[PDB]
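Going down the list, the protein sequences come from chains H, J, I, M, L, N and K.
For the deposited numbering, add 193 to where a residue sits in the first sequence, where the first one is 1.
For the deposited numbering, add 23 to where a residue sits in the second sequence, where the first one is 1.
For the deposited numbering, add 16 to where a residue sits in the third sequence, where the first one is 1.
Numbering follows the deposited numbering, with no gaps: position 57 of the fourth sequence is 56.
Numbering follows the deposited numbering, with no gaps: position 222 of the fifth sequence is 221.
Numbering follows the deposited numbering, with no gaps: position 240 of the sixth sequence is 239.
Numbering follows the deposited numbering, with no gaps: position 150 of the seventh sequence is 149.
Worksheet: one structure, shown below.
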Amino acid sequence: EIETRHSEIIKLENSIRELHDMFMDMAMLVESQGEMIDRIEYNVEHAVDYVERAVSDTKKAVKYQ
Amino acid sequence: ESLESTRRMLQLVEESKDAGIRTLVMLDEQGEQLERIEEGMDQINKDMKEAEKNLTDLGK
Amino acid sequence: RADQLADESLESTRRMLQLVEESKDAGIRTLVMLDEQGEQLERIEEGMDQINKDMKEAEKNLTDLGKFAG
Amino acid sequence: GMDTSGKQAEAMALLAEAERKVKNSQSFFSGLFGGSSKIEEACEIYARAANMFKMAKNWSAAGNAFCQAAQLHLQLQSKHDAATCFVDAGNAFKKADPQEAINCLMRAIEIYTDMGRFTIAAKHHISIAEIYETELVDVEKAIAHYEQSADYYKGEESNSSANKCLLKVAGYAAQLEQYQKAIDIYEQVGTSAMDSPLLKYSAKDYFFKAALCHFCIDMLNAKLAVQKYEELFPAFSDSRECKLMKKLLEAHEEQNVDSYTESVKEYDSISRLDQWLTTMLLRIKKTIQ
Amino acid sequence: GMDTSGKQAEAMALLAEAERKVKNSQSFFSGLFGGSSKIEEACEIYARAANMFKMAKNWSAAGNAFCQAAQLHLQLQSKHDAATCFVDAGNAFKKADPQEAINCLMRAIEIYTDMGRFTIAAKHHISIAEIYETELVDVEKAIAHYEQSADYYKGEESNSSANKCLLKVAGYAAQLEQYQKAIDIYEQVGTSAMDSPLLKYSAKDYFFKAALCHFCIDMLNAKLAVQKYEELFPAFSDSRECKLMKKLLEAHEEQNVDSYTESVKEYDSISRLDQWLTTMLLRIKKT
Amino acid sequence: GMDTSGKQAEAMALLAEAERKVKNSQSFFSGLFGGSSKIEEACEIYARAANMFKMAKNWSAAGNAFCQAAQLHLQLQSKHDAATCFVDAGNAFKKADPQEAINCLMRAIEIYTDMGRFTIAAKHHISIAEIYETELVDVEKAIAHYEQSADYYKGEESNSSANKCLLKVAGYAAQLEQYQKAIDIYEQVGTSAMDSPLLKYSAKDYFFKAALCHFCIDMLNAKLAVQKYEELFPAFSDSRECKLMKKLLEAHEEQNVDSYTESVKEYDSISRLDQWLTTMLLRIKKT
Amino acid sequence: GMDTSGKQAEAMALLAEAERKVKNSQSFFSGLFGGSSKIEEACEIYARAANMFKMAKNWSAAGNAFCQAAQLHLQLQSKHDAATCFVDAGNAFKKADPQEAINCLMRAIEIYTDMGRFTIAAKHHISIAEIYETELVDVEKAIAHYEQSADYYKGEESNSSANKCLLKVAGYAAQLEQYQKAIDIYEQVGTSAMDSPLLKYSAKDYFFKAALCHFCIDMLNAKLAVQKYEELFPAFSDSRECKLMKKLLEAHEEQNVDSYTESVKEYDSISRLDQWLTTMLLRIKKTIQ
């Protein structure tokens, strides 16, 4: 019995440590994704505003004609 | 030896929990953001389609 | 009293091993998932910036042409 | 604050300017017939007034100006812009007057679904249900909105969103409505996850819920459905929930309320409640005789 | 209910006005030569009619309308709109009758690959493959489409996308008593899994499967393959899987069928298996 | 490298023929009045000389070029381009001298708030607050910026960003010993987080911090506050935090330094503490 | 393959058409005027042919067609499509012959940095690096490319990518380059991570690597570095790695191979060693004397 418990404790130690590593990798990848989604948000909003004013100006110019 | 092993187990488990909670919070923020970006994308798509088609029709 | 000791100890080993395996498959699966949206969002990076450049240059050239005509 | 008072003063000035502008536009259309630029610029004035007014922190008149501008814009055969302004006005009214916000949001939903966009319509349906249930006390209309959103999602194979909507609908129905629909939805969603990529070990809970619903109906249906699931899903055989349910069944069989009470107490001691299982368990205990 | 009934009523109305549109528009083109605006208007009438058909819960007619709009538009010498109409028709036909959805999706993929875009083509290929797999049994077409999609993905450097298709193809090939393709794909993905900073943990699993399938041939070859993998992956012996394979090997060596089955049952008890692994294990035990 | 320093020299020369472009504005545009596009290309060369400076790691010169290009370009037209140039100048000034970056960012904030784009303005407000914190020592201006940005975020239902901003503000105010605002914010955020199933696990920490802040002012009402927290949330007492707080408050009834000293040492023996909690406990437990 | 046979047949047909189109180009530059449009149509057919080559598995032909189309296009006062086609040619040449892919990528990089987009330039720099190290047996250019990529990333405030790039370049240099740079970058990244809550639970590994780098040269300076680290970072003391380094250095002071060997073996028993740490341990052992 006790030998089986030693095997169990060894396995559990191993699993816990490798779980820790995996979780750290998760966190790193997730924060990277967050940063770069933020940059994409900025660029998309800028494109939205620029292109809206673009269409407005073009239609006004056509009206002038 | 088992006693200190379980001390280690407790410490590791609580640490993983504490960090994961913030992992989840971050993922929730990502999800929250994506819908706004999607709405903006769809709005620009509609505006561009209508504007360009109207201009092309006017060209005739 | 060793009877309940053995019972609780078998219960502990079974639950701990099972629970560890569930945590493990969960994590590995999710980690493998992450990369896909990684490169997908990379490729939207590139597509979007191409859109931006093309439309900006098109509009500026068209404004210049309209000024030339007028 | 100076910022506020100035923002409201110039907003009143701009609203008067826009009113006189639209009247002068009605005059000029016959007088000079300049086309439609006058109305468009009046709508621009209205939008600028409404946005700086919501920025002044005052909402109701902001949404009213948004609605007026959208109406006048749609008067010129422009739809998507008017519908977006409708959505913004509804969002503004969310904190001002639920009824007008709901009206404008339904207008936006109908006009969008006329356009051909479902996901936006389903999102607006979900928002309508959320606002309707959160502050106004009623479910049936919320149930209908959630069902419609799930239907629209399934129309475009959006399995996750429709799954969540149907699960919420089934939960609400089991809370108040009859149980057959809860049985069906819970069982279908649970069995539709036997091969989930991440959720291979999820459906269990759903089945338990179904079991409880079945047990809420009658003992015989409870046991028969329990067996059916036992054969259908082998893993449920070894679930703690299966043993808890069996213990409760055998205890209630002999009419010893003490056994049921101690069993539920022991379960609560091992695992915290959810505030939804406790109500059902209390209702079950109420009928021990 | 009432909404759907009214939608279908004005749907029949709109189709009547649409057939009138096409007929009188061709007549006006012949007699007056007004250009092509009327044809475009008829195309938009078809589009909105199909949209509101879908609103009316009639997928077959909506897909037919989408196909008609697509063919009339491509007859108007424009592609992207026709491709969109064809894919919409395929989506509408997905449920109910999907067979013609196959043909229309083939046409959409054909026009896309003619243009030169790949990712959407591979997505449509995998969609067709899953249609075949879910609704039909002709697994050969599913294999072909998964292989073509994987080829596209790998050609466009999308290694991850190619990997899933290759794994599915290997699984199905192993299912139909073919192991060489399965062995090759499994070992290739396992070896490409060596250096992944992330996937390394799972890099073992694929290899395991290979050994099992490689054991379907003989005994000595299984031993050679497993020892070669262990040498190539030093940590492979660390997992219980190598212990289990060694136990199976020894038990089968001396016709120790019982100990074989009890070892398998204990492995099942600690962690349950799936249909695929159980079937392969039973097939192995048959000899 | 060095040759790129020579080409930054000819890029000061590029700004110099931009100076010749403003000399055209002085005298020659009388005959080139239609050369507004000439001013546009002058602004373009301004911007590109600024970019060559930036690559040349001449932050002051790059910022000067950016500011000059923005000022020239903001001829009551193309305002968004001027705002982009101003924020670029602010980013360039972030390193080296950041003070004028504050003014340019405030101008961009005004332009955007004029346009109404409140997410961009609020993130810029966070930027100026954090540069104040990390570079300067003023905290009150950072507090005001955080309040303003949180107000803008909450305006558009962006609840999580406002919640984190208010959490930081409450922490700073607690460091600034204004506990009423801190307790208000912490109670609000905790009672909001407990609402939804995604954040209910966090409530314990917010409730503990609010309990500490309330305990700081009035010993006697601390017991009532913790009782209110317990009854409101039945699952709070189980948490080690509530037990520890109860131990500390009951020990404070009797003048025994040991009791709470070993309580805190034991708690730290399971996990390390942060500067905020350790400093707060050291300050409060002195009396 | 019949598919590939007909594919190559139509590819040859399109090549003949493209030859006729370059004949058109030379006849419209010297014989006609306004050929710019004609050579633009030539570029269109060239791009079609190149994409169909890529479909045809003839990677070299596709890359050559892309390069020819790009270089012809450069003459039309247009730069962005030139960049796109250069990048496409580099991607095509990635497989088969990648050497000219390096050149064409460098041309795309100089075009981009002339335009002003740096993140694109930096990602292409890291791509050039990775291809060079994976396929070209040479590392100094790898160090240079990683240095430029990190410079570009950190200049634009994108801290994370710069951090990982610097970590990788420093770790590689440690193996074959003077460890002073290894120490500097490792300490810098560790210090940066200490404050941030992200890597403050993993900077212990960076401190350990820096300590090993200090030890590989000398012992006394390694002792000073480790004591300074633990003084600055108190939570490093309880680290099992600190006990590991203490026992290793104590054994090395006594020059007892057996104790060091058994101690490293015991450390290996739990967790696992790496090719790099194994190499470092063997290298430091070999000079025990």
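We treat Cβ as the ideally placed atom computed from N, Cα and C, and that holds for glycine.
Rounded to the nearest angstrom, what separates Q174(M) and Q274(L) at their Cα positions? Each residue's Cα considered, the two are about 38 Å apart.
List the whole-angstrom C-beta distance separating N57(M) from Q7(M), where the pair is believed to meet the contact cut-off of C-beta under 8 Å. Going by Cβ atoms, the distance from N57(M) to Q7(M) rounds to 7 Å, so yes, they are a contact pair.
Would you check if there are 3 or more beta carbon pairs closer than 8 Å linking the stretch 115–126 of chain M to the stretch 142–153 of chain M? By the Cβ criterion, the stretch 115–126 of chain M is in contact with the stretch 142–153 of chain M, since at least three pairs of Cβ atoms, one from each stretch, lie closer than 8 Å.
Within chain N, partners of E55(J) - CB distance below 7 Å: Chain N residues near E55(J): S159.
Label residue 297(K) either buried or exposed according to how many other C-beta atoms from any shown protein chain fall within 10 Å of its C-beta, with 16 as the threshold for buried. Nothing about residue 297(K) can be reported from this structure: the residues present for chain K run from 0 to 288 only.
Pairwise C-alpha distance: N68(I) and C42(M): In this model, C42(M) and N68(I) are separated by some 29 Å (Cα to Cα).
Compare the Cα-Cα distances from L78(I) to each of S36(N), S126(N) and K78(N) and report the closest residue. Of the listed residues, the one whose Cα sits closest to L78(I) is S36(N).
Chain M residues whose Cβ lies nearer than 8 Å to that of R45(I): Using a Cβ-Cβ cut-off of 8 Å, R45(I) is close to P196 and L197 of chain M, given in chain order.
Start-to-end residues for the alpha helix (DSSP H) that takes in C42(N): For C42(N), the enclosing alpha helix (DSSP H) has its first and last residue at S35 to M54.
So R106(M) is in the alpha helix (DSSP H); what residue range does that whole segment cover? Here the alpha helix (DSSP H) through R106(M) covers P97 to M114.
If you measure beta-carbon to beta-carbon, which residues of the stretch 81–108 of chain M are closer than 9 Å to chain J? Under the 9 Å Cβ criterion, the stretch 81–108 of chain M contributes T83.
Would you say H124(M) lies against chain J (beta-carbon separation less than 8 Å)? For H124(M), the answer is no, since every Cβ of chain J falls outside 8 Å of its Cβ.
C-alpha gap between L243(N) and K227(N), whole angstroms: Approximately 17 Å between the Cα atoms of the pair.
Quick one: using the 10 Å Cβ neighbour count with 16 as the cut-off for buried, is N236(H) buried or exposed? Classification for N236(H): exposed.
Chain I beta carbons: is any one of them nearer than 8 Å to that of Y266(M)? Any Cβ of chain I closer than 8 Å to the Cβ of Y266(M) would place that residue at the interface, and such an atom is absent.
Taking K93(K) as the reference, give the member of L135(K), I216(K) and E229(K) with the closest Cα. The shortest Cα separation from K93(K) among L135(K), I216(K) and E229(K) belongs to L135(K).
Answer yes or no: does any C-beta atom of chain M fall closer than 8 Å to that of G115(N)? Chain M contact via Cβ: present.
Could you pull the start and end residues of the alpha helix (DSSP H) that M32(I) belongs to? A18 to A85 is the extent of the alpha helix (DSSP H) around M32(I).
Would you check if there are 3 or more beta carbon pairs closer than 8 Å linking the stretch 74–82 of chain L to the stretch 10–25 of chain L? Taking a cut-off of 8 Å for Cβ pairs, the stretch 74–82 of chain L and the stretch 10–25 of chain L do not touch, as fewer than three such pairs fall below it.
With respect to the alpha helix (DSSP H) encompassing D273(L), which residues constitute its N-terminal and C-terminal limits? Run containing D273(L): none; DSSP gives neither H nor E here.
At least 3 beta-carbon pairs within less than 8 Å: the stretch 0–17 of chain K vs the stretch 57–64 of chain J: Fewer than three pairs of CB atoms, one per stretch, sit closer than 8 Å, so the stretch 0–17 of chain K makes no contact with the stretch 57–64 of chain J.
Considering only the beta carbon of each residue, do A48(N) and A10(N) sit closer than 8 Å? Yes, Cβ-Cβ distance for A48(N) and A10(N) is below 8 Å.
Chain M contact residues for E38(I), given Cβ-Cβ distances below 7 Å: Neighbours of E38(I) across chain M, judged by C-beta separation under 7 Å: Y200.
Is there a Cβ from chain I that is less than 8 Å from the Cβ of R210(H)? Not an interface residue.
For the alpha helix (DSSP H) containing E139(M), list its first residue and its last residue. Going by DSSP, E139(M) is part of the alpha helix (DSSP H) stretching over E139 to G154.
Compare the Cα-Cα distances from residue 327(K) to each of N50(N), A91(N), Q70(N) and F214(N) and report the closest residue. Here chain K comprises residues numbered 0 to 288, so residue 327(K) is not present and cannot be evaluated.
Quick one: which residues of the stretch 212–240 of chain K get their C-beta closer than 8 Å to a C-beta of chain N? List them in chain order. Within the stretch 212–240 of chain K, the residues whose Cβ lies closer than 8 Å to some Cβ of chain N are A234, listed in chain order.
Pull up the distance between the alpha-carbon of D87(L) and that of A143(M), whole angstroms please. Taking the straight line joining both Cα atoms gives about 28 Å.
Output, in sequence order along the chain, the residues in the stretch 19–38 of chain L whose CB is closer than 8 Å to any CB in chain I. Within the stretch 19–38 of chain L, no residue has a Cβ that lies closer than 8 Å to any Cβ of chain I.
Contact check, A107(K) vs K53(K) under 8 Å by CB: the rounded distance? About 18 Å separates the Cβ atoms of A107(K) and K53(K), ruling out a contact at the 8 Å cut-off.
Which same chain residues, not among the five before or five after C103(L), have their C-beta less than 6 Å away from its C-beta? Hits under 6 Å: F85, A88 and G89.
Looking at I269(L): is its Cβ nearer than 8 Å to the Cβ of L33(I)? Contact: yes.
Can you find the residues in the same chain that come closer than 7 Å, C-beta to C-beta, to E230(N), ignoring five residues on each side of it along the sequence? Cβ within range, chain order: n/a, list empty.
Listing by chain order, which chain L residues have their CB less than 8 Å from the CB of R47(K)? By Cβ distance, chain L contributes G115.
So is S148(K) in contact with chain H if we call contact Cβ pairs under 8 Å? Chain H has no Cβ within less than 8 Å of the Cβ of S148(K).
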